[PDB]
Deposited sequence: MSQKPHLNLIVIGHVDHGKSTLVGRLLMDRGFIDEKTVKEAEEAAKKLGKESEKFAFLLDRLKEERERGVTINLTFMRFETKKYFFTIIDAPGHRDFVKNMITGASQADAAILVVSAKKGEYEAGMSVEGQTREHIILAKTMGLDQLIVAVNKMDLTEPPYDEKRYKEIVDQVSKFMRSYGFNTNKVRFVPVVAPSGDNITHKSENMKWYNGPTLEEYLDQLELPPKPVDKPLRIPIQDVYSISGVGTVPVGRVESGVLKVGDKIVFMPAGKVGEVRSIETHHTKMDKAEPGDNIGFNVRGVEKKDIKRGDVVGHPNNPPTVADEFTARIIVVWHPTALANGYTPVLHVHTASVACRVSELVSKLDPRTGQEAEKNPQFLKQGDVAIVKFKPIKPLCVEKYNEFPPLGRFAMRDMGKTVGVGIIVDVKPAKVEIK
């Protein structure tokens, strides 16, 4: 049963913590000590809802639940310390998201207003690649009249049109009318919204698709070493990061752009017919001059040559810097097997560390602790990919004086 990280987003007071708490109480693993104390509190008050009210506070003072197909771990939503940093470093990545939208009069409008967080979080979900966003139109009991289908449809339509106007796919976005406190249409069907003939929020979580497997992505093999075995020939060594390499395949070495053919493959001194992601292999290639192959280079199949960056844009965290970083700064970037000096060509903007939204356009310089969108221009041809396409070739460390000055995620590459 796959483990997925869930992020619950939406405007303040729309019902995020309540939904989260509802999911944990109904499908999580809260300790018996706390559970019994909650059930005890309910007794004393003589109100069933008190168990939930009690748990919510215990949760607040304090996050995993299980559905039919997955184990979900609710991670940090925006508005938190290190939110952007942890995503840049890979310390915490969101696999799925639930956008909570309040149907209550005025609340939905506030959330979708220019300054609202429904609009902000949808845009964030977009940059985060959360194409399978589940939208929980919450507080359905507070519409006028309660459980109003028209209010729900109006909201779905509006959020959907908005999503599309921002490139957000929509085909995999799912909406569900819900009531967080009671778990209506979340962990059980609602008997109050007979007009809704669709899946429960939990059922939608179980409908979530896992991301593409590296084996299904185009072949990428960062070169670690290259030898010329007497009698054998040119034999580069590297780990297959994506795709599949097979004896007889035609392959291209970038940045050189030289095509060759794979004559043999070996993992652990044992010959193989094909190599898959994760296999550290040595492969004999015919037709490519060893001169055109160096550590840091990347192999792919001719139809999908590894991207060579003329310029690339990255979201970075400045982990360490004694003074200030500015345009022209040229640290050595370590990405996959490569180590190349890259000149900071532009400081596009500083980001809010808690949210990920722009804080300042074109900062004059960056200081330790800053999160920003920066452009780099490699000093010599460098193979890199967008982190969201080929993760292993998309995260890098900026090194200087034996220290990691920063970590970055590649968001765009200019070939």
Deposited sequence versus model: which ranges have no CA atoms?
1 to 3, 66 to 76, 430 to 435
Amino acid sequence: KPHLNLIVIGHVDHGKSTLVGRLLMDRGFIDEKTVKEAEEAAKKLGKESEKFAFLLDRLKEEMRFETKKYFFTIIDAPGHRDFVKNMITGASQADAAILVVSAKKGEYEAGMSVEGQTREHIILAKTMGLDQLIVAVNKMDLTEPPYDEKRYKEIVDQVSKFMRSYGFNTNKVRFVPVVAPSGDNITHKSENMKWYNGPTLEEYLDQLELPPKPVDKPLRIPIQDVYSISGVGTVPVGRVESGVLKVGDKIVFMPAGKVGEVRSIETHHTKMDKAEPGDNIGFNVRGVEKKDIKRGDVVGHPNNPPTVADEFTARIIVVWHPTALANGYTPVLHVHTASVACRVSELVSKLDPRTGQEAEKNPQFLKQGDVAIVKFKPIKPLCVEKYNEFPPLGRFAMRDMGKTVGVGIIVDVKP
From here on, numbers count along this sequence of modelled residues.
Would you tell me which stretch averages the higher CA B-factor in the PDB entry, 228 to 236 or 113 to 121?
228 to 236
Per the entry, where is the mean C-alpha temperature factor higher: 324 to 332 or 268 to 276?
268 to 276
Highest Cα temperature factor in the entry, among the options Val371, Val374, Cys383, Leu45: which one is it?
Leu45
Residue, from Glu144, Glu289, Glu311, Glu241, that the PDB entry assigns the highest Cα B-factor:
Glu289
Which third of the chain holds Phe365 when residues are ordered by C-alpha B factor: lowest, middle or highest?
lowest
Just say lowest, middle or highest third for the CA B-factor of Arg263 relative to the other modelled residues in its chain.
highest
Sorting by Cα B-factor within the chain, modelled residues only, which third would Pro181 end up in: lowest, middle or highest?
middle
Thinking about Cα B factors across the chain, which third does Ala256 belong to?
highest
Name the third of the chain's ranked CA B-factors that contains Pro302, choosing lowest, middle or highest.
middle
